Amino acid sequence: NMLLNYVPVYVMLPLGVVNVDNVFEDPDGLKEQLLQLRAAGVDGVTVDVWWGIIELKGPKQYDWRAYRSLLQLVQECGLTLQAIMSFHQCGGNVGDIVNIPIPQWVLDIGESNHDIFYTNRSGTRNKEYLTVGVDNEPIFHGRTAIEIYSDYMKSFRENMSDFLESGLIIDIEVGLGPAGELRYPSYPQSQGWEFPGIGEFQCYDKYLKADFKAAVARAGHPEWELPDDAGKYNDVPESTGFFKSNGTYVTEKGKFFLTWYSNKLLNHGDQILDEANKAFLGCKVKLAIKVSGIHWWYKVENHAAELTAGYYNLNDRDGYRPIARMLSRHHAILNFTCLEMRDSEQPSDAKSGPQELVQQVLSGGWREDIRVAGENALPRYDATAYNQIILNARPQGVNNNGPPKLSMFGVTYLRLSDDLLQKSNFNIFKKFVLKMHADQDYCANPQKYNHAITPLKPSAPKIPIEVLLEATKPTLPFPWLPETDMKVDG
């Protein structure tokens, strides 16, 4: 039955639906919009549950009231919800039209210890997310960074227990870095970065620097230092000593560094997912993480932008499949934040391969047998963008004889706004939804399309780093259709 080809669609809510003062500003206005979404067949909505808003007053001083009101309204409107545990700041990344810092009490600690922030070679501290360097340092009034994240999720679970039991929440997206994605803040607009700059390594805080020095010493090269020839944010690879042909990135020193740098992210994600699994154990919800889509420089040997962001991906080394393998033990979903782009839409001097990157990432996930989801990177309202999203959702089209061999677990659309509801735009959006649903009407019971959610089980045993890195072996991607068989047209 065709319903087996159904891929659910979710819509991200406006940034700041509950403001920095923890107030659900305009319920009536949101309601009108939500009702239009429900009428259009949208399965659910997505929202940031901001750490800086909820635990503002002080350690474990949570206030869930405003969010309880929002969830209540969402439920009343007949929509499901994807909740993002947002442990990051809103404001310095593309589209961030509102400023929401992390808890002030944490920022106060940052005044006496600047090394709790990601730091670049020049010494500039980025305050949008706590460096992985302090994940296990008990410097926050007795707690470590991971314990803070853990306590937060447990409080959410307990205080929103009625919504969880009633099945309102479909999945919990655990924020793991800038913009909620598992990556280093290598391309900060707040520091002057501009596409398609290669970005900069963010491993200069005292915690990461010390870990590196100890590591190279144990490797027999105590004299090795962090990269000093990688250039600046807006450089091009060929103008740097680190990324040029036969440059530092290909030397024993460079390879060791890149492995160390990317490994920190894998472990960061694995340890926090462990806590998320314990916090939501038994609940009918799934776990998910977000991976950034860094398509610029993907078509040159150095893959410079990916490397500075923490994804050690080269033409002969898969830097994404190891992440997918790590996710399997947690039975988590890999959410890829860039599915609507086409190579031809990118300037040629950027050497961008968004289409190829998507194929590589989704294929790796399916090969590791995990579920994969995604979202468009930039606001788009045209047919071509929707058709590309639909192609990626079902790479080999629909199957009239049963379920498709390949399909994404869901797609989240960024973002709900007055522009989207404009007559003509919303008209196209409705067709996008219909096509994602494979020409079927909105289906309220997820079980009908094999998306039933069972109680979250405990995570499987820890997978050693060496086994994770075996996933770096390059593999051929699954075959992709040149265009979707379920086009929106125009």
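Start at 1 with the first residue shown and count on from there.
Colleague: Higher mean Cα B-factor in the deposited model: 321-329 or 116-124?
Modeller: Mean CA B-factor is higher for 116-124.
Colleague: Higher average CA B factor in the deposited record is what I'm after, so tell me if that's 147-155 or 163-171.
Modeller: So the stretch with the higher mean C-alpha B-factor is 163-171.
Colleague: According to the Cα B-factor stored in this entry, which of the following is highest: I97, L357, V411, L265?
Modeller: In the PDB entry, the greatest C-alpha B-factor among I97, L357, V411, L265 is found at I97.
Colleague: Highest CA temperature factor in the entry: which of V132, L314, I198, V398?
Modeller: Reading the PDB entry, the winner on C-alpha B-factor is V398.
Colleague: If you rank every modelled residue in this chain by C-alpha B factor, which third holds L35: lowest, middle or highest?
Modeller: It belongs to the middle third of the chain when residues are ordered by C-alpha B-factor.
Colleague: Comparing against every modelled residue in the chain, figure out the third that the C-alpha B-factor of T472 lands in (lowest, middle or highest).
Modeller: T472: CA B-factor falls in the lowest third of its chain.
Colleague: Using the temperature factors of the C-alpha atoms in this entry, rank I428 within its chain: lowest, middle or highest third.
Modeller: It falls in the middle third of the chain.
Colleague: By the recorded C-alpha temperature factor, relative to the other modelled residues in its chain, which third is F280 in?
Modeller: Within its chain, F280 is a lowest-third residue by C-alpha B-factor, going by the deposited values.
Colleague: Name the third of the chain's ranked CA B-factors that contains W193, choosing lowest, middle or highest.
Modeller: It falls in the top third of the chain.
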